[PDB]
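The next block is data_13.cif, given as mmCIF, C-alpha atoms and all ligand atoms.
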data_protein
loop_
_atom_site.label_atom_id
_atom_site.label_comp_id
_atom_site.auth_asym_id
_atom_site.auth_seq_id
_atom_site.Cartn_x
_atom_site.Cartn_y
_atom_site.Cartn_z
CA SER A 82 0.00 0.00 0.00
CA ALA A 83 1.01 3.62 0.54
CA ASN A 84 3.98 3.19 2.91
CA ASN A 85 6.40 0.49 1.78
CA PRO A 86 9.31 0.63 4.27
CA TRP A 87 11.88 0.17 1.48
CA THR A 88 10.77 3.09 -0.72
CA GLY A 89 13.29 5.90 -0.73
CA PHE A 90 16.03 4.10 1.22
CA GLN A 91 19.31 2.40 0.36
CA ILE A 92 19.65 -0.93 2.15
CA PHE A 93 22.77 -1.12 4.31
CA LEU A 94 24.61 -4.33 3.41
CA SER A 95 25.24 -6.75 6.27
CA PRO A 96 28.87 -6.47 7.44
CA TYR A 97 28.47 -9.76 9.31
CA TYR A 98 27.46 -11.67 6.19
CA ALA A 99 30.02 -9.74 4.13
CA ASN A 100 32.76 -10.99 6.44
CA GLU A 101 31.57 -14.59 6.07
CA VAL A 102 31.20 -14.31 2.29
CA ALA A 103 34.59 -12.70 1.69
CA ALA A 104 36.35 -15.42 3.66
CA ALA A 105 34.26 -18.09 1.94
CA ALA A 106 34.97 -16.77 -1.56
CA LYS A 107 38.74 -16.94 -1.04
CA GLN A 108 38.39 -20.70 -0.38
CA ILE A 109 36.38 -21.41 -3.54
CA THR A 110 39.03 -22.72 -5.88
CA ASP A 111 37.41 -22.14 -9.27
CA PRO A 112 38.06 -18.44 -10.06
CA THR A 113 34.79 -17.87 -11.91
CA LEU A 114 32.75 -19.38 -9.08
CA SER A 115 34.83 -17.48 -6.52
CA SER A 116 34.04 -14.09 -8.08
CA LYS A 117 30.34 -15.01 -8.24
CA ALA A 118 30.49 -16.01 -4.57
CA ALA A 119 32.20 -12.77 -3.52
CA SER A 120 29.42 -10.78 -5.25
CA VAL A 121 26.90 -12.22 -2.78
CA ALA A 122 28.19 -9.72 -0.20
CA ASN A 123 26.57 -6.98 -2.31
CA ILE A 124 23.09 -8.54 -2.04
CA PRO A 125 21.03 -7.19 0.89
CA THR A 126 20.32 -9.69 3.69
CA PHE A 127 18.92 -9.63 7.21
CA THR A 128 21.40 -9.82 10.09
CA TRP A 129 20.23 -11.94 13.00
CA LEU A 130 20.33 -10.75 16.60
CA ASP A 131 20.41 -14.36 17.75
CA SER A 132 22.13 -13.55 21.05
CA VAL A 133 22.88 -10.58 23.29
CA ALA A 134 26.44 -10.72 21.92
CA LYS A 135 25.04 -9.36 18.65
CA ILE A 136 23.53 -6.19 20.18
CA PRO A 137 26.80 -4.19 20.03
CA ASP A 138 27.05 -5.29 16.40
CA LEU A 139 23.65 -3.67 15.81
CA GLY A 140 25.06 -0.45 17.23
CA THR A 141 27.95 -0.56 14.76
CA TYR A 142 25.56 -1.19 11.86
CA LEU A 143 23.34 1.75 12.81
CA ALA A 144 26.29 4.10 13.24
CA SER A 145 27.90 2.97 9.98
CA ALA A 146 24.59 3.29 8.14
CA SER A 147 24.04 6.78 9.55
CA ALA A 148 27.48 7.91 8.41
CA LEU A 149 27.01 6.32 4.99
CA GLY A 150 23.69 8.09 4.49
CA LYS A 151 25.37 11.40 5.27
CA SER A 152 28.24 10.83 2.84
CA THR A 153 26.26 9.32 -0.07
CA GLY A 154 23.27 11.68 0.12
CA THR A 155 20.93 8.84 1.03
CA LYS A 156 18.75 7.52 3.79
CA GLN A 157 19.86 4.09 4.94
CA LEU A 158 17.88 1.06 6.06
CA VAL A 159 19.18 -1.68 8.38
CA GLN A 160 17.58 -5.15 8.20
CA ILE A 161 17.54 -7.23 11.40
CA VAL A 162 15.99 -10.40 12.85
CA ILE A 163 14.85 -10.45 16.48
CA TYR A 164 15.58 -14.08 17.43
CA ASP A 165 16.26 -14.75 21.11
CA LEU A 166 13.07 -15.95 22.79
CA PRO A 167 13.36 -17.95 26.00
CA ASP A 168 12.91 -21.63 25.15
CA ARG A 169 13.56 -20.73 21.51
CA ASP A 170 12.68 -23.22 18.77
CA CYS A 171 10.16 -25.10 20.86
CA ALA A 172 9.21 -27.79 18.30
CA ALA A 173 12.78 -28.67 17.25
CA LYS A 174 16.22 -29.12 18.78
CA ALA A 175 18.67 -27.41 16.43
CA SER A 176 18.34 -23.73 17.40
CA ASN A 177 17.86 -23.75 21.16
CA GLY A 178 19.12 -20.44 22.49
CA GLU A 179 20.78 -18.75 25.45
CA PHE A 180 17.58 -17.89 27.37
CA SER A 181 15.38 -20.38 29.19
CA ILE A 182 12.08 -19.71 30.94
CA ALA A 183 13.37 -20.84 34.34
CA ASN A 184 16.52 -18.66 34.14
CA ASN A 185 14.70 -15.29 34.37
CA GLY A 186 13.96 -15.93 30.71
CA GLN A 187 11.15 -13.47 30.06
CA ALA A 188 12.86 -10.72 32.04
CA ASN A 189 16.16 -11.35 30.25
CA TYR A 190 14.38 -11.24 26.92
CA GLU A 191 12.61 -7.98 27.61
CA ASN A 192 15.95 -6.49 28.67
CA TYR A 193 17.48 -7.82 25.42
CA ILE A 194 14.74 -5.81 23.70
CA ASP A 195 15.55 -2.82 25.92
CA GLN A 196 19.21 -2.96 24.87
CA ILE A 197 18.20 -3.13 21.20
CA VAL A 198 15.80 -0.18 21.62
CA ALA A 199 18.54 1.80 23.36
CA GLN A 200 20.80 1.34 20.33
CA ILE A 201 18.07 2.20 17.81
CA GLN A 202 17.07 5.32 19.77
CA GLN A 203 20.52 6.83 19.17
CA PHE A 204 20.24 6.74 15.35
CA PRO A 205 16.85 8.20 14.37
CA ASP A 206 18.07 8.97 10.83
CA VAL A 207 18.44 5.24 10.07
CA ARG A 208 15.39 3.16 9.24
CA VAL A 209 15.19 -0.32 10.77
CA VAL A 210 13.15 -3.22 9.39
CA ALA A 211 12.88 -6.18 11.76
CA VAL A 212 11.56 -9.70 11.33
CA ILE A 213 10.09 -10.71 14.70
CA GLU A 214 10.97 -14.14 16.10
CA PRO A 215 10.99 -16.74 13.30
CA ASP A 216 8.94 -19.88 14.01
CA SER A 217 7.51 -18.73 17.35
CA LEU A 218 3.95 -17.71 16.48
CA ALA A 219 3.66 -20.48 13.89
CA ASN A 220 4.45 -22.99 16.65
CA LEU A 221 1.66 -21.46 18.75
CA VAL A 222 -0.80 -21.99 15.89
CA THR A 223 -0.12 -25.66 15.12
CA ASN A 224 2.19 -27.11 17.85
CA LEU A 225 0.34 -26.43 21.11
CA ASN A 226 0.39 -30.19 21.72
CA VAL A 227 4.20 -29.99 21.87
CA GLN A 228 4.63 -29.60 25.61
CA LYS A 229 7.67 -27.31 25.31
CA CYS A 230 5.58 -25.00 23.13
CA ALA A 231 2.52 -25.22 25.40
CA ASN A 232 4.64 -24.40 28.43
CA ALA A 233 6.30 -21.52 26.54
CA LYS A 234 3.05 -20.04 25.18
CA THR A 235 2.53 -17.28 27.74
CA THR A 236 6.24 -16.38 27.62
CA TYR A 237 6.30 -16.29 23.82
CA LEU A 238 3.22 -14.09 23.63
CA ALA A 239 4.45 -11.76 26.37
CA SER A 240 7.92 -11.51 24.84
CA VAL A 241 6.72 -10.96 21.27
CA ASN A 242 4.29 -8.37 22.57
CA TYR A 243 7.06 -6.59 24.47
CA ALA A 244 9.24 -6.55 21.35
CA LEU A 245 6.46 -5.15 19.14
CA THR A 246 5.32 -2.61 21.71
CA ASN A 247 8.76 -1.24 22.48
CA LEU A 248 10.37 -1.41 19.03
CA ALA A 249 7.37 0.59 17.79
CA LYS A 250 8.35 3.40 20.19
CA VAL A 251 11.56 3.91 18.18
CA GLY A 252 9.86 3.65 14.81
CA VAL A 253 11.01 0.18 13.73
CA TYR A 254 9.04 -1.31 10.85
CA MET A 255 8.15 -4.89 11.76
CA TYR A 256 7.06 -8.10 10.07
CA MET A 257 6.04 -10.90 12.43
CA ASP A 258 7.26 -14.30 11.37
CA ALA A 259 4.42 -16.36 9.91
CA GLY A 260 5.90 -19.69 8.88
CA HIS A 261 5.39 -20.68 5.24
CA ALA A 262 2.83 -22.21 2.87
CA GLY A 263 3.54 -25.75 4.10
CA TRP A 264 3.12 -24.73 7.72
CA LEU A 265 0.34 -22.11 8.05
CA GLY A 266 -0.80 -22.07 4.42
CA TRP A 267 -2.89 -25.22 4.66
CA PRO A 268 -6.46 -23.89 4.24
CA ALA A 269 -7.37 -25.35 7.63
CA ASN A 270 -4.62 -23.38 9.38
CA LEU A 271 -5.34 -19.99 7.76
CA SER A 272 -8.05 -18.86 10.18
CA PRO A 273 -6.34 -20.10 13.38
CA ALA A 274 -3.24 -18.25 12.17
CA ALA A 275 -5.15 -15.08 11.30
CA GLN A 276 -6.88 -15.12 14.68
CA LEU A 277 -3.57 -15.39 16.54
CA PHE A 278 -1.81 -12.75 14.44
CA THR A 279 -4.81 -10.44 14.95
CA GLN A 280 -4.66 -10.88 18.73
CA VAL A 281 -0.92 -10.18 18.74
CA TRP A 282 -1.38 -7.06 16.58
CA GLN A 283 -4.24 -5.84 18.83
CA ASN A 284 -2.23 -6.46 21.98
CA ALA A 285 0.58 -4.30 20.58
CA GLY A 286 -1.88 -1.48 19.87
CA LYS A 287 -2.33 -1.99 16.12
CA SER A 288 0.80 0.11 15.68
CA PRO A 289 1.28 1.44 12.14
CA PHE A 290 4.87 0.19 12.43
CA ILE A 291 3.61 -3.43 12.56
CA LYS A 292 3.40 -3.76 8.79
CA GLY A 293 2.49 -7.43 8.59
CA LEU A 294 4.13 -10.81 8.29
CA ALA A 295 7.28 -12.51 6.99
CA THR A 296 7.07 -15.89 5.26
CA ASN A 297 9.41 -18.67 4.13
CA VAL A 298 12.17 -17.52 6.51
CA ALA A 299 14.94 -20.13 6.45
CA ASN A 300 12.80 -22.28 4.16
CA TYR A 301 12.91 -23.29 0.50
CA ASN A 302 9.45 -22.72 -0.97
CA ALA A 303 8.78 -20.97 -4.25
CA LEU A 304 7.08 -17.61 -4.22
CA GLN A 305 5.36 -18.61 -7.48
CA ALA A 306 5.65 -22.14 -8.90
CA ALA A 307 4.35 -22.87 -12.40
CA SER A 308 3.79 -26.47 -11.29
CA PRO A 309 3.38 -27.44 -7.62
CA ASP A 310 6.38 -29.02 -5.95
CA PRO A 311 5.29 -32.67 -5.51
CA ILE A 312 5.81 -32.37 -1.73
CA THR A 313 2.75 -30.09 -1.52
CA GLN A 314 0.13 -32.80 -2.26
CA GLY A 315 -3.02 -32.12 -0.30
CA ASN A 316 -2.44 -28.36 0.11
CA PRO A 317 -3.86 -26.12 -2.65
CA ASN A 318 -1.62 -23.32 -1.33
CA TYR A 319 1.52 -24.87 -2.77
CA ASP A 320 3.67 -21.71 -2.90
CA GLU A 321 4.05 -18.54 -0.89
CA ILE A 322 1.89 -16.39 -3.19
CA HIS A 323 -1.04 -18.78 -2.74
CA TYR A 324 -0.56 -18.75 1.04
CA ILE A 325 -0.36 -14.96 1.22
CA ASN A 326 -3.29 -14.46 -1.16
CA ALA A 327 -5.39 -16.69 1.10
CA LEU A 328 -4.28 -15.30 4.47
CA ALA A 329 -4.24 -11.56 3.75
CA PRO A 330 -8.04 -11.10 3.31
CA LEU A 331 -8.63 -12.72 6.69
CA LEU A 332 -6.36 -10.15 8.30
CA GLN A 333 -8.09 -7.37 6.35
CA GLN A 334 -11.51 -8.47 7.61
CA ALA A 335 -10.13 -8.39 11.16
CA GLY A 336 -9.07 -4.76 10.54
CA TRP A 337 -5.38 -5.22 9.65
CA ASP A 338 -4.39 -4.37 6.08
CA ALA A 339 -1.25 -6.44 6.53
CA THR A 340 1.55 -6.61 4.00
CA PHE A 341 4.21 -9.25 3.66
CA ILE A 342 7.85 -9.99 2.96
CA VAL A 343 8.96 -13.34 1.55
CA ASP A 344 12.36 -14.98 1.97
CA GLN A 345 13.67 -16.31 -1.35
CA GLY A 346 17.35 -16.53 -0.42
CA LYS A 347 17.40 -20.34 -0.60
CA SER A 348 14.57 -20.83 -3.11
CA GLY A 349 16.39 -20.78 -6.46
CA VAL A 350 16.08 -24.57 -6.78
CA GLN A 351 12.62 -26.12 -6.39
CA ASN A 352 11.53 -29.77 -6.33
CA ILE A 353 14.51 -31.02 -4.31
CA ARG A 354 12.87 -32.26 -1.09
CA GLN A 355 11.58 -35.70 -0.26
CA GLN A 356 8.93 -34.27 2.07
CA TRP A 357 7.68 -30.76 2.77
CA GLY A 358 8.70 -30.84 6.43
CA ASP A 359 12.39 -31.34 5.55
CA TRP A 360 13.77 -27.94 6.60
CA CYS A 361 17.39 -28.68 7.49
CA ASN A 362 20.33 -27.95 5.15
CA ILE A 363 18.51 -29.12 2.02
CA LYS A 364 21.04 -30.47 -0.48
CA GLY A 365 21.31 -28.77 -3.85
CA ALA A 366 19.60 -25.57 -2.76
CA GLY A 367 20.53 -22.44 -4.66
CA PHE A 368 20.27 -18.74 -4.02
CA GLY A 369 16.92 -17.51 -5.33
CA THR A 370 15.26 -14.34 -6.57
CA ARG A 371 17.21 -11.28 -5.51
CA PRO A 372 15.54 -8.92 -3.02
CA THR A 373 13.16 -6.52 -4.74
CA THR A 374 10.03 -4.49 -4.12
CA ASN A 375 8.78 -5.64 -7.57
CA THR A 376 6.92 -8.54 -6.01
CA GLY A 377 3.98 -9.32 -8.29
CA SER A 378 1.41 -9.02 -5.49
CA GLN A 379 -0.68 -6.33 -3.81
CA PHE A 380 0.12 -7.98 -0.48
CA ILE A 381 3.92 -8.24 -0.74
CA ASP A 382 6.16 -5.28 0.08
CA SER A 383 9.40 -7.08 -0.76
CA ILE A 384 11.09 -10.27 -1.72
CA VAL A 385 13.93 -10.50 0.83
CA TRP A 386 16.88 -12.68 1.88
CA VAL A 387 16.24 -13.29 5.59
CA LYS A 388 18.14 -16.49 6.36
CA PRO A 389 21.80 -15.89 5.34
CA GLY A 390 22.53 -18.76 3.00
CA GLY A 391 25.62 -20.64 4.11
CA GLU A 392 24.87 -20.39 7.82
CA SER A 393 23.82 -23.88 8.91
CA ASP A 394 20.23 -24.77 9.83
CA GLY A 395 21.43 -27.30 12.39
CA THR A 396 24.06 -29.85 13.25
CA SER A 397 23.94 -33.39 11.90
CA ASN A 398 25.99 -34.58 14.91
CA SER A 399 23.83 -36.77 17.16
CA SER A 400 26.27 -36.19 20.04
CA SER A 401 25.12 -32.55 20.15
CA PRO A 402 22.50 -31.37 22.66
CA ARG A 403 21.04 -29.51 19.64
CA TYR A 404 20.76 -32.57 17.40
CA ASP A 405 17.52 -32.74 15.41
CA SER A 406 17.05 -35.80 13.22
CA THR A 407 15.62 -33.58 10.44
CA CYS A 408 19.29 -32.66 9.87
CA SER A 409 20.20 -36.30 9.08
CA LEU A 410 17.47 -36.99 6.50
CA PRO A 411 18.45 -38.16 2.99
CA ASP A 412 17.93 -34.65 1.58
CA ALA A 413 20.00 -32.95 4.31
CA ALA A 414 23.64 -32.09 3.62
CA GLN A 415 25.92 -34.02 5.99
CA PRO A 416 28.09 -33.54 7.92
CA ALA A 417 26.66 -30.16 8.93
CA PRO A 418 27.80 -27.85 11.74
CA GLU A 419 25.82 -26.18 14.52
CA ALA A 420 22.93 -23.94 13.51
CA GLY A 421 24.04 -20.43 12.64
CA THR A 422 27.67 -21.36 12.09
CA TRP A 423 29.30 -21.22 8.67
CA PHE A 424 28.87 -24.26 6.39
CA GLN A 425 31.38 -23.64 3.61
CA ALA A 426 30.49 -26.52 1.28
CA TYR A 427 26.81 -25.60 1.49
CA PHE A 428 27.53 -21.96 0.63
CA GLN A 429 29.57 -22.98 -2.39
CA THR A 430 26.66 -25.04 -3.70
CA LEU A 431 24.21 -22.17 -3.08
CA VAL A 432 26.45 -20.01 -5.29
CA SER A 433 26.84 -22.64 -8.01
CA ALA A 434 23.09 -23.33 -8.13
CA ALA A 435 21.88 -19.71 -7.92
CA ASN A 436 18.78 -19.07 -9.99
CA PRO A 437 18.91 -16.50 -11.46
CA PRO A 438 22.68 -17.10 -11.77
CA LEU A 439 25.19 -14.95 -9.94
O1 LIG B 501 10.78 -23.36 8.18
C1 LIG B 501 11.89 -23.39 9.05
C2 LIG B 501 11.48 -23.91 10.39
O2 LIG B 501 10.75 -25.17 10.18
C3 LIG B 501 10.19 -25.71 11.45
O3 LIG B 501 9.44 -26.92 11.22
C4 LIG B 501 8.17 -26.79 10.56
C5 LIG B 501 8.29 -27.07 9.08
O4 LIG B 501 8.88 -25.94 8.37
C6 LIG B 501 6.99 -27.33 8.41
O5 LIG B 501 7.24 -27.68 7.03
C7 LIG B 501 6.20 -28.44 9.07
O6 LIG B 501 6.85 -29.63 8.95
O7 LIG B 501 6.01 -28.10 10.51
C8 LIG B 501 7.27 -27.84 11.23
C9 LIG B 501 6.95 -27.42 12.64
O8 LIG B 501 6.65 -28.54 13.43
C10 LIG B 501 11.33 -25.94 12.45
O9 LIG B 501 10.78 -26.31 13.73
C11 LIG B 501 12.21 -24.74 12.62
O10 LIG B 501 13.39 -25.07 13.41
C12 LIG B 501 12.67 -24.19 11.30
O11 LIG B 501 13.44 -23.00 11.50
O1 LIG B 502 -9.28 -33.02 2.82
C1 LIG B 502 -10.48 -32.44 2.37
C2 LIG B 502 -10.19 -31.41 1.33
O2 LIG B 502 -9.62 -32.09 0.16
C3 LIG B 502 -9.40 -31.14 -0.97
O3 LIG B 502 -8.86 -31.81 -2.11
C4 LIG B 502 -7.57 -32.36 -1.85
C5 LIG B 502 -7.63 -33.82 -2.25
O4 LIG B 502 -8.40 -34.55 -1.25
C6 LIG B 502 -6.30 -34.47 -2.38
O5 LIG B 502 -6.48 -35.75 -3.04
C7 LIG B 502 -5.34 -33.65 -3.21
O6 LIG B 502 -4.11 -34.21 -3.19
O7 LIG B 502 -5.23 -32.26 -2.67
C8 LIG B 502 -6.54 -31.60 -2.70
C9 LIG B 502 -6.32 -30.19 -2.22
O8 LIG B 502 -5.29 -29.61 -2.97
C10 LIG B 502 -10.68 -30.44 -1.37
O9 LIG B 502 -10.36 -29.48 -2.41
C11 LIG B 502 -11.30 -29.75 -0.22
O10 LIG B 502 -12.60 -29.23 -0.63
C12 LIG B 502 -11.48 -30.66 0.96
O11 LIG B 502 -11.87 -29.90 2.10
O1 LIG B 503 21.56 -18.18 10.19
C1 LIG B 503 20.60 -17.35 10.80
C2 LIG B 503 20.16 -17.95 12.10
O2 LIG B 503 19.83 -19.33 11.81
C3 LIG B 503 19.35 -20.03 13.03
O3 LIG B 503 18.99 -21.28 12.64
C4 LIG B 503 20.46 -20.07 14.05
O4 LIG B 503 19.95 -20.72 15.23
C5 LIG B 503 20.91 -18.70 14.39
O5 LIG B 503 22.05 -18.81 15.29
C6 LIG B 503 21.25 -17.88 13.18
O6 LIG B 503 21.39 -16.51 13.58
#

Starting from the coordinates I provided, produce the structure as structure tokens.
Ligand SMILES: OC[C@H]1O[C@@H](O[C@H]2[C@H](O)[C@@H](O)[C@@H](O)O[C@@H]2CO)[C@H](O)[C@@H](O)[C@@H]1O
Ligand SMILES: OC[C@H]1O[C@@H](O[C@H]2[C@H](O)[C@@H](O)[C@H](O)O[C@@H]2CO)[C@H](O)[C@@H](O)[C@@H]1O
Ligand SMILES: OC[C@H]1O[C@@H](O)[C@H](O)[C@@H](O)[C@@H]1O
Amino acid sequence: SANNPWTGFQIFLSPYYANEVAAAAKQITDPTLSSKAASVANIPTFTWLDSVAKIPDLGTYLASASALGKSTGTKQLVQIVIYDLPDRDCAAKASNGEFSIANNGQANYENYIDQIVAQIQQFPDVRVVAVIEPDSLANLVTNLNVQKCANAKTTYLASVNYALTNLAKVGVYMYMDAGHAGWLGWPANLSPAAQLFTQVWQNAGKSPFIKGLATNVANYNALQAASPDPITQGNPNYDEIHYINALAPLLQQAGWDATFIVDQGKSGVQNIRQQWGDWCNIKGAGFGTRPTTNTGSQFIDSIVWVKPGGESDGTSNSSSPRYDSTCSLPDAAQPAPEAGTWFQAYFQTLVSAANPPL
């Protein structure tokens, strides 16, 4: 609609991903592939605040973006992921985090938010777009029978609400994570999802800064598939555009003219999964459609790269306390390192298989 957060701004490139990509490119032995790989650092991505250790990094990004805007004549936009809930990743094992409910988890989380707000407050000339807590709300829609999720429900809702309420006070544009077509896009899940997202939006005061929802984060779905991926059998909403087209009117009828962003960073190669629920380090994935506000849909503000391709989805080591057997399936690249850490061989394949090519 009228106010697309990306209009009129230059996106500040992630220095964190740039550091990973530059080091990765120097280890890619074929020169042509290496130069393609290095160019990935010039593609805008979201930087994840997956621990309190990343908050000072945010400060450096905001200050660097502010200075760059001054010296290039532009207004700069910093893209972040808020990803540190207590009892994080409640329906899987791979991305358990540093906060736990019993260890002052909710209070520590809200202070994590306070530290982030305190950084953002110092740089009002820099726009921030934040994806709020990948997987969390989607787990509350469909996984309430998972006892870790059920026992985390009040903490998740309180923490997400605190993030939305307080990031809005410093003008952060926000997209709540909303799973993907194979998670919440099933027709049967659309209304339960809309009802929960509506309640969350209402609880945070319907802030104009809460733009809508993010989809496909860290997943592999097409935005628009000419033919359904065979894994989608039984779900007419076989790609993200079908999911968004079906969900958005429900939000509108609840009063929220929500818009969307869609991760395509690992979506260049379709039809490569055995089963739709295979989310971990899918082999043969390629970088997908480059970020753009030319989205092909009234509901979609931007195609984005949220998950930084090359950072692992999870370890394949069953000796790890974060081992999830999804990461050992036949379509998962193995051996794979701990979630979030660099997976060089996987990055090289993402480069080689990029569609459109790099
Ligand atoms: O999409 C990335 C996240 O997937 C989560 O699992 C989902 C899965 O994507 C769906 O396809 C379906 O199988 O339901 C699952 C939830 O039970 C996973 O838990 C997360 O760790 C991933 O980040
Ligand atoms: O489950 C009831 C639901 O089925 C829908 O059709 C299914 C069909 O049963 C299945 O064989 C096929 O693989 O997927 C389609 C959906 O894409 C039917 O359209 C619904 O009316 C019905 O509620
Ligand atoms: O790579 C982006 C994010 O992916 C998640 O799966 C990891 O748990 C995070 O540590 C990381 O920040």

Distance in Å - CA of residue 317 in chain A versus CA of residue 331 in chain A: 17.0 Å

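Residues in contact with residue 420 in chain A at up to 8 Å, not including ones fewer than 6 positions away on its chain and judged by only C-alpha atoms, are residues 175, 176, 392, 393, 394, 395 and 396 of chain A.
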
Neighbourhood of ligand LIG 502 (chain B) at 6 Å, counting only C-alpha atoms and all ligand atoms, reported as a PyMOL selection string: chain A and resi 314-317

Per-residue nearest contacts of chain A to ligand LIG 501 (chain B) (8 Å; all atoms listed in the file) as a tab-separated table:
residue	atom	partner	partner_atom	distance
A:170	CA	B:LIG501	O10	5.7
A:171	CA	B:LIG501	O9	7.3
A:172	CA	B:LIG501	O9	5.1
A:173	CA	B:LIG501	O9	4.7
A:174	CA	B:LIG501	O10	7.3
A:175	CA	B:LIG501	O10	6.5
A:176	CA	B:LIG501	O10	6.5
A:215	CA	B:LIG501	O11	7.0
A:216	CA	B:LIG501	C2	6.0
A:219	CA	B:LIG501	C9	7.8
A:220	CA	B:LIG501	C9	6.5
A:223	CA	B:LIG501	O8	7.5
A:224	CA	B:LIG501	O8	6.4
A:260	CA	B:LIG501	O1	6.1
A:261	CA	B:LIG501	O1	6.7
A:263	CA	B:LIG501	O5	5.1
A:264	CA	B:LIG501	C6	4.7
A:297	CA	B:LIG501	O1	6.3
A:298	CA	B:LIG501	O1	6.2
A:299	CA	B:LIG501	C1	5.2
A:300	CA	B:LIG501	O1	4.6
A:301	CA	B:LIG501	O1	8.0
A:357	CA	B:LIG501	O5	5.3
A:358	CA	B:LIG501	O6	3.4
A:359	CA	B:LIG501	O5	6.5
A:360	CA	B:LIG501	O2	5.4
A:361	CA	B:LIG501	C12	7.5
A:394	CA	B:LIG501	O11	7.2

Centre and edge lengths, as JSON, for the axis-aligned box enclosing every listed atom of ligand LIG 503 (chain B) with 4 Å of padding on each of the six sides, in Å to one decimal?
{"center_x": 20.5, "center_y": -18.9, "center_z": 12.7, "size_x": 11.1, "size_y": 12.8, "size_z": 13.1}

Between CA of residue 213 in chain A and CA of residue 134 in chain A - distance in Å to one decimal: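 Between CA of residue 134 in chain A and CA of residue 213 in chain A the gap works out to 17.9 Å.
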
Test item: residues at most 8 Å from residue 214 in chain A, only C-alpha atoms, excluding those fewer than 3 positions along its chain, as an NGL selection string: :A and (162-166 or 217-218 or 241 or 257-258)

Interatomic distance (Å, one decimal) between CA of residue 398 in chain A and CA of residue 169 in chain A: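 Pair CA of residue 398 in chain A / CA of residue 169 in chain A returns 19.7 Å.
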
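Among the candidate residues A:135, A:234, A:287, A:292, the one lying nearest to ligand LIG 503 (chain B) is A:135, with distances computed using all atoms listed in the file.
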
Within 8 Å of residue 391 in chain A using all atoms listed in the file, minus same-chain residues under 6 positions, as number ranges by chain: A: 423-425, 427-429, 431

Resulting file, chosen residues, C-alpha atoms, as a short mmCIF file (atom, residue, chain, number, x, y, z; two decimals), in the coordinates of the input:
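Wrote it out as result_26.cif, contents follow:
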data_model
loop_
_atom_site.label_atom_id
_atom_site.label_comp_id
_atom_site.auth_asym_id
_atom_site.auth_seq_id
_atom_site.Cartn_x
_atom_site.Cartn_y
_atom_site.Cartn_z
CA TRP A 423 29.30 -21.22 8.67
CA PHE A 424 28.87 -24.26 6.39
CA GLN A 425 31.38 -23.64 3.61
CA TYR A 427 26.81 -25.60 1.49
CA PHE A 428 27.53 -21.96 0.63
CA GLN A 429 29.57 -22.98 -2.39
CA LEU A 431 24.21 -22.17 -3.08
#

Nearest to ligand LIG 503 (chain B), chosen from A:402, A:178, A:205, A:137, with all atoms listed in the file counted in the distances: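 Of A:402, A:178, A:205, A:137, the one nearest ligand LIG 503 (chain B) is A:178, counting all atoms listed in the file.
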